[PDB]
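Here the structure is laid out as structure tokens; the discussion comes afterwards.
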Amino acid sequence: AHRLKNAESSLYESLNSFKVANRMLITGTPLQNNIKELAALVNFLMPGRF
DNA sequence: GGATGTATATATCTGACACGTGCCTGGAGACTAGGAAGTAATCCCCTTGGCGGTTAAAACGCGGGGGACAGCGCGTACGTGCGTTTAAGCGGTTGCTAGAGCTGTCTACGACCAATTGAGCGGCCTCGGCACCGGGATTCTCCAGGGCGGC
């Protein structure tokens, strides 16, 4: 899921437009450079709560 | 008796219309100065229709041969197709820097104006050089005297 660490990358808008009820991310490094990567991951998971 | 083709209805996507707002740039109104329109005078170039004379260019004719074009052969180099490689295209990382945009301050540099004067334009006088006329030095053609031959 670290490949999904960028919100502006085309994979993010490709996977965020999918009509899926439940999502899950498997990764080894959740944070790599800053808090914004984790913010993008939790926005992909829960869009609005965090 | 079961499932398939087709018609009408409903929810969703998407381009377009109108509403709202800023802002800044164009428009309205007034004033002024100078750019350009108009006028008169002077002088030189251009127009149209002629004439005269020179002469070199243009036109015409003719012969001939050089060159353009057509045909043929040939061989090579480029097109075509297929299998393999490779690198373009896309998506992505990661930081730093260049640059556009905006705001702000200030200072040196260029516009502007008045007085001045010295470099540019025209004519006049003089010199350098080329040319016209007079005088001296040098060389070429010619007329006459002396000697020899013939009746």
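First the proteins, then the strands, lettered A, B, ... as listed; each starts at 1. Hydrogens, waters and symmetry mates play no part in the numbers below; they use all other heavy atoms, side chains included.
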Completion exercise
When rounded to the nearest 0.5 Å, the distance separating CG of A:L45 from CE of A:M24 is 10.0 Å
Practice task
Could you tell me whether the sugar of B:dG53 is north or south, judging only by the sign of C1'-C2'-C3'-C4'?
Solution key: south
Fill in the blank from the handout: Counting only Watson-Crick and G-U wobble pairs with both atom distances below 3.5 Å, the stems of 3 or more consecutive pairs that include DNA chain B are none
Problem - Heavy-atom side-chain proximity of A:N16 to A:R23 below 4.5 angstrom - result: yes
Handout entry: Verdict with reasoning, A:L38 to A:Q32, per side-chain contact (heavy atoms from CB on, under 4.5 Å)
Key = CA-CA 9 Å; A:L38 278 186; A:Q32 306 212 122; over 6 Å; no
Exercise for the section: Please list, chain by chain and in numerical order, all residues satisfying side chain to side chain contact (heavy atoms under 4.5 Å, CB included) with A:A39, sequence neighbours excluded. Expected result: A:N43
Practice task
Take atom NZ of A:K19 and atom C1' of B:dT12, then tell me their distance rounded to the nearest Å.
Solution key: 12 Å
Fill in the blank from the handout: With sequence neighbours left out, the residues meeting side-chain hydrogen bond (donor to acceptor under 3.5 Å, both in side chains) with A:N6 are none
Handout entry: Non-neighbouring partners of A:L15 that pass side chain to side chain contact (heavy atoms under 4.5 Å, CB included), sequence neighbours left out
Key = A:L4, A:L11, A:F18, A:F44
Practice task
Identify the heavy atoms of A:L31 and A:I35 that sit nearest to each other, and give their distance.
Solution key: CD1-CD1, 3.8 Å
Fill in the blank from the handout: So the salt bridge (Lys or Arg N to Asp or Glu O under 4.0 Å) pairs with at least one residue in residues 27-50 of chain A (sequence neighbours excluded) are A:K5-A:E37
Sort me out a list of protein N/O and nucleotides 90-92 of chain B N/O pairs below 3.5 Å, or just none if empty.
residue	atom	partner	partner atom	Å
B:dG92	OP1	A:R3	NH1	3.1
B:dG92	OP1	A:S10	N	3.1
B:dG92	OP1	A:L11	N	3.1
B:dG92	OP2	A:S10	N	2.8
B:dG92	OP2	A:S10	OG	3.4

